[PDB]
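Asker: part one of the complex, left exactly where it sits:
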Amino acid sequence: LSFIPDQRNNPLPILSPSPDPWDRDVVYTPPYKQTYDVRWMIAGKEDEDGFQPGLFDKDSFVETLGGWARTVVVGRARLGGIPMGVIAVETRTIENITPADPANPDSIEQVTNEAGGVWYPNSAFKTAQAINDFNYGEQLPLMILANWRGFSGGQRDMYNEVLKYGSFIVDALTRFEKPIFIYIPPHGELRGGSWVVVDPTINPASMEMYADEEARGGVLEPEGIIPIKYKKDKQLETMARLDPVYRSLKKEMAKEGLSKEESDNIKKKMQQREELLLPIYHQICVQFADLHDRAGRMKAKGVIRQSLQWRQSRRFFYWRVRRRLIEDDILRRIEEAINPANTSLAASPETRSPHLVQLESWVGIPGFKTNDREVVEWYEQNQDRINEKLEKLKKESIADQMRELXXXXXXXXXXXX
Amino acid sequence: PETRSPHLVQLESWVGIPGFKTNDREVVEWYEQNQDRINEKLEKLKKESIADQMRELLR
Amino acid sequence: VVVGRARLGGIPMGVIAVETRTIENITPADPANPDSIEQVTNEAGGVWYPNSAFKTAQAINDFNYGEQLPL
């Protein structure tokens, strides 16, 4: 209840930065080699050498449903005083052991390993449920630390309706009201089936997507694309180009003038050189394919707003969450004054509302779409000017509705009576 | 369901069949016959509601 | 639980009924785990089961959204 607004459509129970200040850099950074407890990135990690805080306020995170589908972490936390909903992906291979059914004596406990960073029927259901919880009644801003590499394509998981619960994520995302921030963290991945169910084009009016500078995201893993787009023959065409030994041996076969016992030599010399170059030549294509799935490419194709540095994530989101929460409410109030009763791939949060163009000119700040800090400070100062412009628009809209009330001949009859 | 809508009391008096809540057959046959009479009274109410709507927009 | 669409003297509408006979769904063996065999389960008639309730809930949504059929 400390995270929930006192009423229904009331602003969140926000306080000053006070214990954990907003102007602090995110100290805990996750390792790229092994697995890490994703919870440390949210609140902080308790270590032998001091304490490294997360991107939310120290000990403000409250994990829920932690006994079911631990492959996804759900909870509520505070960001410099601002309370909000959190969804993160567990990287470690968790194991849920289903109990033995006593009704059937031929039933034993089933040991099942829910491998980390993947979506399972139960994990997808958990995700879908959490979203509904954070929007209905609660009405909290959402932060998703996206790290899934797809869905569990296994026969058992498929038969267990993985597809049905996957859709329930998409359904729940269009239903959402308040701002949603999809942020791929450092080391975080977003491949194939995973990205689709979280893309900002689902609900552009409330979604906003960001990615870390050292995060990865493609249609498939760079190890998966190589046996389809950069096959053995494509690697050898590039081998007879970069390697000096292989292209020199290629010039021997092309020149001819060598017998059946002589042509066998060139074949047995190359098909030994190419066998030793193959492992490192393979890894080259892996690095090559990874450069497609880099953070820079994402901003270039406009699938994300900005590339983010994990260190100053807290500092950026504190003002962007605050800017969006005040703005969303002002825009909702603009429409309530105008009408007292999105359409393309181009639908980006800077074009989430058609009143943001009018609000832009009323504010008068050049870096309006950006400079989140400068925007927030302005609204607090010109509290009267916005309320003033709302009442201007309210009376202007009443004049339009009364004029529209065939309809003239009917009014001429209702007046003559 | 006999009290599923507050307009069923108004519609009841416009129809004029006593066994309105029951006699489902008799009700259906009446609407088909007086399809123009419904569209007549709906319009009478449409103009009526527009006149009140203007009072709400000033209040 | 039996789900479908039918006509009542020409009027089309959605139908949901309960099977009385004891039906048996046999879940296949998981090939990923060689220690998994097909599980014989008897869904006794005239009772609601997780899958039966889900079927009911899904059918209702189908008959209202887009379809817009009497139930």
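Answerer: Great, that's in hand. Residues are numbered from 1 along each chain as shown, chains lettered A, B, ... in the order given.

Asker: Tell me the residues of chain B that contact chain A?
Answerer: Contacts of chain B with chain A, taken as Cβ under 8 Å from any Cβ of the partner chain, map to B:47, B:50, B:51, B:53, B:54, B:57, B:58. The C-beta positions use only the backbone N, C-alpha and C, and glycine is treated the same way.

Asker: Greatest separation within those: which pair is it?
Answerer: Greatest spatial distance among the residues of chain B next to chain A (Cβ to Cβ): B:47 and B:58, at 18.3 Å.

Asker: The host helix or strand of residue A:163 near chain C at all?
Answerer: Counting by DSSP states H and E, the element that carries residue A:163 is helix A:162-175. No - figure legend: helix A:162-175 not in contact with chain C (Cβ under 8 Å from any Cβ); closest approach 8.5 Å.

Asker: Secondary structure of residue A:153: a helix, I assume?
Answerer: No - under DSSP: H, G, I helix; E, B strand; the rest coil, residue A:153 sits outside any helix and is assigned coil.

Asker: Give me the neighbour count for it.
Answerer: Using other Cβ atoms under 10 Å in any protein chain shown, residue A:153 has 11 other residues around it.

Asker: ok, now which ones touch it?
Answerer: If a contact means Cβ atoms under 8 Å, 6 or more residues apart in numbering or on different chains, then residue A:153 has residue A:162 as its contacts.

Asker: how about it, phi and psi?
Answerer: Main-chain dihedrals, residue A:153, degrees, to the nearest 10: phi -80, psi 0.

Asker: List the contacts of the residue in chain A that chain C sits nearest to.
Answerer: Nearest to chain C in chain A, going by Cβ to the nearest Cβ, is residue A:156, at a distance of 4.5 Å. Contacts here follow Cβ under 8 Å, 6+ apart; on that basis residue A:156 touches C:30, C:32, C:33, C:36.

Asker: of the residues of chain B next to chain A, buried ones?
Answerer: When those are checked for burial by 16 or more other Cβ atoms under 10 Å in any protein chain shown, the buried set is empty.

Asker: would you list the residues you listed in a markdown table and tack on secondary structure?
Answerer: Compiled in a markdown table, the residues of chain B next to chain A are given as follows (three-state DSSP):
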| residue | secondary structure |
| --- | --- |
| B:47 | helix |
| B:50 | helix |
| B:51 | helix |
| B:53 | helix |
| B:54 | helix |
| B:57 | helix |
| B:58 | helix |
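
Asker: throw chain D on there as well:
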Amino acid sequence: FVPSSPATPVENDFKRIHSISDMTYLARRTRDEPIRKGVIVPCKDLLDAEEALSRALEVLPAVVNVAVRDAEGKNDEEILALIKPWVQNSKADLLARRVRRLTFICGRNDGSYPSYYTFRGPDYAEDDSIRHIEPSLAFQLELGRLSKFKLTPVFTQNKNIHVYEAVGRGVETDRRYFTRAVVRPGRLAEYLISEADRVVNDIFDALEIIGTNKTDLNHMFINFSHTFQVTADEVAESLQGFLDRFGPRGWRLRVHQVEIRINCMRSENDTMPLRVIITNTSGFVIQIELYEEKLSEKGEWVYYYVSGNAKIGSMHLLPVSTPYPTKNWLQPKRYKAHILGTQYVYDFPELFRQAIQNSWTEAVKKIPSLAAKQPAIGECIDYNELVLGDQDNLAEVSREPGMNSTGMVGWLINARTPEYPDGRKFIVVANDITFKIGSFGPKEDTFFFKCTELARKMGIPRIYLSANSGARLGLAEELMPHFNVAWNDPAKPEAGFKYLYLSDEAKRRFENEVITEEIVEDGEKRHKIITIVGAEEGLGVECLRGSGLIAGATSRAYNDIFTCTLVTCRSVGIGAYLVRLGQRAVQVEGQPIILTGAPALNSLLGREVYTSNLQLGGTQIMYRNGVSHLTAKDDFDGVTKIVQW
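Answerer: Same chains as before, plus chain D:
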């Protein structure tokens, strides 16, 4: 001497500059090519012309024209046997100077148009195609509309008209006579209507002497050089008049269609060119299609018709470079779909017509008397294709089957069902399994969305026919034979590589296709690749964005309009989800609803667990877990079952 982009109505791909008469010069790039030189040799006599050839070539370190002034003797074949001895003699003289074209101008003092003879290529074999027409005149004649044919010209008494024997390059069964004519304006209102009668009679008389022979179809093109004030609405009324007189004669010659190109100043004033296609389909013309030549903003001149017809014709908003499709062209595609156990996308409208035909045939039995509202075999359904407009906004087109610009196709079908015998509409969207594995690209996504969006806006149901391969995969092919490697040790490359860089010369070539950082190693200006962008679309995130958009759209649509999907073939990745978001689904017995490939799972597990895509995607899984609502024996049985819904 060329603009080859904002120039006269032509089609250009990437970076290329070609000639007017020579449609295929050098596409590579014109950044390194010698300037074209214009030469004109006026010679008094045909024999004396040889001295103005061998001496004429001496001032050449290209295009050469030769004018003749003897209006006295105009030979044919004898003129050809008088110009060939000079070209075979100087076969190395013309070759050394690297000149492409050799034109010949021969004018008459009685007002007769000059005769042209053009020699082209290495040996200069003389293309019989360009005759009695200028390089300028090679554009109006176009001949780029006959790329899918092997042309052999035939003799014409009138130098203005040219007839060609076109044969299908692939399949030989196609044999047609295509006529190409140019009307040049008379120097110094009922002029054009009478001018049309004279030129069409000349074509008719010429088609008569060569004979009708064996032609499946016959076409004639007439291009106007004069910009006489045309009021197409007056032209259309007058058109009806003379076509009914010439029509019978044209019907004997096996002529199926005629295309006129007139310029209208009444819009100096802007001259709006208006094309018109008159086809003799079903014995009676009833096809007066009045078009308008306008740019598609993509650099192509398209066919925008404001016809006198009911707008349910054929060909709409298509570039001016159409190749006139050959018969049996549809068959190779159909085969690519049929090997996968699915009907070719454009064969489905027919399947639906028969399923509606079937829906009546039983209703007439069950319900006697109430049957007379049946609209025959044909006219059962009234379909019209859907292709994205200029401003990404969908439009109703009735063009030829196939020729889909994207790997997704839609139709607006008005089926006269026994429930709504006056008509009922709906949208049908399907993936072309033959068009890039049926994979979802951004073009395919924007289309699928705009279709869902429309079905929603109109309240009519939407039907999706799934046969895809998830999202489009891809790598940058242009950077494969250009990128360099920086090793720890150059002698032994297996000792690990530091990074991947690009040569300065190869860096300037792209720059926007690859994000590169400069770091000097071994005293070299090495531009290390820090991120790959790639010129081509549909490789990574661009596909996922679009996939997410259509995923959400289907989720939204289901809650408003009637949504249905059909697994006509393997439905993978995003496609698999649109079947579930579409909620109501019909699965054809032998088609799987797979997420991750059967061998891809085996490679991941490191052991051969699954052996089939249907072992985890088939009916025995999806119908048994409730993803599939019904199972259909064949692709048609699917259609039939949805017709019932």
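
Asker: Once more for the contacts of residue A:153, now including chain D?
Answerer: Counted by Cβ under 8 Å, 6+ apart, residue A:153 has contacts A:162, D:594, D:595, D:596, D:597, D:600, D:601, D:616.

Asker: redo that, cut-off 10 Å
Answerer: Going by Cβ atoms under 10 Å, 6 or more residues apart in numbering or on different chains, residue A:153 touches A:118, A:162, A:192-193, D:573, D:576, D:594-598, D:600-601, D:604, D:610, D:616-617.

Asker: does the residue nearest to it when sequence neighbours are not counted count as helix, strand or coil?
Answerer: The spatial neighbour of residue A:153 that comes closest, neighbours along the chain excluded (Cβ to Cβ, 6 or more residues apart in numbering or on different chains), is residue D:596 at 2.8 Å. Three-state call for residue D:596 (three-state DSSP): coil.

Asker: Residue D:596 reaches residue D:604, doesn't it?
Answerer: Yes - at 8.0 Å, residue D:596 counts as touching residue D:604 under the criterion of Cβ atoms under 10 Å.

Asker: more neighbours, these two?
Answerer: Neighbour count, other Cβ under 10 Å: between residue D:596 and residue D:604, residue D:596 has more, with 25 against 14.

Asker: Next one: the more buried one from residue D:573, what distance?
Answerer: Per Cβ to Cβ, to the nearest Å, residue D:596 is found 8 Å from residue D:573.

Asker: Apart from its chain neighbours, what residue comes closest to the most centrally placed residue in chain A?
Answerer: Residue closest to the average C-alpha location in chain A (Cα atoms, centre = their mean): residue A:182, at 2.7 Å. In this structure, residue A:182 finds its nearest non-sequential neighbour in residue A:209, 4.4 Å apart by Cβ to Cβ, 6+ apart.

Asker: in chain B, which spans are helices?
Answerer: With helices called from DSSP state H, chain B shows them at B:8-15, B:24-33, B:35-58.

Asker: Does at least one residue of the second one sit close to chain C?
Answerer: Going back to what we said before, that points to helix B:24-33. No - judged by Cβ under 10 Å from any Cβ of the partner chain, helix B:24-33 makes no contact with chain C; its nearest approach is 11.2 Å.

Asker: ok, the residue of the stretch 201-350 of chain A found nearest chain B - contacts?
Answerer: Chain B sits closest to residue A:340 of the stretch 201-350 of chain A, with a gap of 8.5 Å, by Cβ to the nearest Cβ. Taking Cβ under 10 Å, 6+ apart as the criterion, residue A:340 is in contact with A:394, A:397, A:398, A:401, B:57.
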